[PDB]
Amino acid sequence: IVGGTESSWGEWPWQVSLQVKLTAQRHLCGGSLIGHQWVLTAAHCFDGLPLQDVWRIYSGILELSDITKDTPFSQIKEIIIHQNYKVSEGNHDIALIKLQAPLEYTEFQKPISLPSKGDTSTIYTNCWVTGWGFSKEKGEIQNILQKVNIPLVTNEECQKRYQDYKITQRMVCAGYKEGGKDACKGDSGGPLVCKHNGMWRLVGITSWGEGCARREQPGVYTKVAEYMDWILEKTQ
């Protein structure tokens, strides 16, 4: 997160850290807990490290420097990448992760609600992106979970800033005209959430974008409302 501040306990209790353990253990991506056994993330997180054995999922966590061998983590039982997602590309950038064991909810660890059937055409006005990603371009993984408020833009607007790629109806974009606040590397896979009728909803998954926090250069997110039939089929 660029231009953000620190989060608190219970503030974003769906936020997870997807980490790889090879010779070293590192945070690679965010994700969102959407049920006892289910995390929603970005398909691209597995583009370089497709093997589910090597991943560790941390939930109910604010600080990455808290992690030790005894910090409990979830493991992956199944990865479900969208059938039409293409390695290295922007479309259908979404993946379900079934955990090996169901997690119980606590005040620090609970699910985000998915967009409801009635809100297909809702114009969300109070949106937030969270994660442990760089605080600038070519920067560094941050320790304490960062948050930032970012307005959505139209797809026509988003498209004017990405001349060499197609922004589809299955994407949504967010940013400020003069930049300054944005996700960045290491945030990808995590939530974009908006509060609507007093209830938080997962509107986006952090997907792709050009640099971080640049003026006239909004980040791109997988638009979750358009994958709801796919999510319900795959999880039911």
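Position 1 is the first residue in the sequence shown; the rest follow in order. In this text, the rigid core denotes the largest set of C-alpha atoms whose superposition between the two forms falls within 1.5 Å.
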property	result
Between 22-30 and 60-68, larger RMS Cα displacement in 4 other deposited structures of this protein after core fit	22-30
Greatest C-alpha divergence in 4 other deposited structures of this protein once each structure is fitted on the rigid core, 82-90 or 152-160	82-90
Between 224-232 and 208-216 (mean CA B-factor, as deposited), the higher	224-232
87-95 versus 68-76 - which carries the larger mean C-alpha B factor in the record	68-76
Candidate residues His196, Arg170, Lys185, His27, the one whose C-alpha B factor the record puts highest	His196
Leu51 - which third its CA temperature factor falls in, relative to the rest of the chain	highest
Third of chain Cα B-factors occupied by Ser32	lowest
Third of the chain's Cα B-factor distribution that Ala101 belongs to, per the entry	highest
Record-listed C-alpha B factor of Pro191: chain third	lowest
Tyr162 - which third its CA temperature factor falls in, relative to the rest of the chain	middle
